[PDB]
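The data below hold one chain only, encoded as C-alpha cells and taken in the form deposited in one PDB entry.
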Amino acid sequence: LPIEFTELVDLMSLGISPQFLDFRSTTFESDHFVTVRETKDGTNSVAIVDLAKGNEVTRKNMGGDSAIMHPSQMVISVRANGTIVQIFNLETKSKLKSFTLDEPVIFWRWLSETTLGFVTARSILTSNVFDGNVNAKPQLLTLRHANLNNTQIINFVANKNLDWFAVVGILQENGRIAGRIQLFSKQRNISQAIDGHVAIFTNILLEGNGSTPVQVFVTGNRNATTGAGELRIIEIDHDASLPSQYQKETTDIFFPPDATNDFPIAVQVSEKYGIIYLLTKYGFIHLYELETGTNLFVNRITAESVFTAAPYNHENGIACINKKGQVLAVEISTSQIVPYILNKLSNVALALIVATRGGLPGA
C-alpha cells in the first residue's frame, strides 16, 4: 500500500543464461543500464541492457572478462588479466582511459559521475575518468586494513564530495555471513573498522538549515554471533554555519528465526523524501524514515536471492536483481505514504515530518 512494486526487466526473457545472472557476471551501477558479461567457446561478450530505452540490448564481443557501465553516460569500462583497464565512450568511440594497475582488480564500482573506484588484494584506488589523462593510473586512496582480510569485497561507496569512503567485505564466520567495513576519511587520512554489510553516504535537509543539506552515513549490520540486526545513521563533516545537527539514530533490523543465513544486501536512500530502503539477500524490503530512523514498513518482494542493487527513479527508490534475472523496483507511493503513517502507524508527528520534507499530501 505505501509502496509501488514493479518489474523493470526479466533478463532471462532477453536470452541471458542463468550461469551469468549473479554477482560474478552482472553489474548494476545505476538504474540506467544492466551489463552482463557472457562467455561462449572461449570468447567473451557483453550484453548491455539500456533500461532508459525499453530494455534495448547491445551485444558485442570483447577481450576483457569484466565490464561495467557509467551511471548515466554511454561509457563502458572493461578489464582483462586483472590489471589491464580500458574505458571507452560508446557514442564518440573515444578511449578515455587505458592503463595497467600494479595489482589485480578484485572489485570496482562507480563512486560518482566523475570517479571510478577500484579495490585490489591490498589497495583502494580511484580514477578521475573524464580528466583527459588517458594513461594516468588510478591514485592510491589508502591501503586495505586487516579487518577486510579474507573477505569477498562487495561494495565501495563515497560521498559526493569524494572525501569519505567505505569499502564493504563479507566473510563466512561460524556458518553466518559477517560484514566488515573500512571507513576512510581522506581529510584526516585515517580509517576506522566497523561491522556492517551495507553502507551509503547521503544528505538530509533539516529544519533550521535553509536549502543546505547535512551529510549522514547510513549502515546496516547483522551480528553474526547473536543474529541481531542494527541500522545506524550518523552525521559526518558538519558545516558550522548550519545551526541544525543530525542526532545519531539506531534502529533494529528484524530477521525471522528461520532466515539464518540472511543479511542486508543493499541500502539506498531518497534524499528528497528522507526514506531509507534496505534490502536483504532473501528479498525482504525494509523502509525507514531518515530523520528519526523510524521503521515504516517490512515486506518480502522476492523469494529468489538478491545479489545486487542500485538507486531507482532519480534516486528516490531502490532497484535490485535476483538470481533468476528479475530486475525489481520499489519506491514509496507519494500519494499513500502520508495516509499510511497517519492511519496504519498512527503516528501524527512522523506523518507531518514526511509530508513537510517531501511536499506530500495527506496531512
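Residue indices: 1-based, along the sequence shown. Each form is matched to the other, and the largest set of C-alpha atoms that superpose within 1.5 Å is called the rigid core.
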Establish whether the other compared PDB entries of this protein leave residue 44 unmodelled at least a third of the time. yes
Segment of higher mean CA temperature factor, 151 to 159 or 257 to 265: 257 to 265
55 to 63 versus 307 to 315 - greater average Cα B-factor per the deposited record: 55 to 63
Say you rank 200, 290, 167, 90 by Cα B-factor from the PDB entry; which sits at the top? 90
Identity of residue with top Cα B-factor, from 109, 180, 272, 95: 95
Would you mind ranking residue 333 by its C-alpha B-factor against the rest of the chain and naming the third, lowest, middle or highest? middle
Lowest, middle or highest third: which one holds residue 82 when the chain's residues are ordered by CA B-factor from the entry? highest
Using the temperature factors of the C-alpha atoms in this entry, rank residue 188 within its chain: lowest, middle or highest third. highest
Which third of the chain does residue 283 land in by C-alpha B-factor: lowest, middle or highest? middle
Of the three thirds of the chain ranked by Cα temperature factor, residue 172 occupies the middle
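The protein also exists as the form deposited in another entry; that form is not presented, and the subsequent description refers to it.
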Given a superposition on the rigid core, I'd like a yes or no on whether residue 354 shifts its C-alpha by 2 Å or more between this form and the one not shown. yes
Hey, does residue 340 budge by 2 Å or more at the Cα between this form and the one not shown once the core is superposed? yes
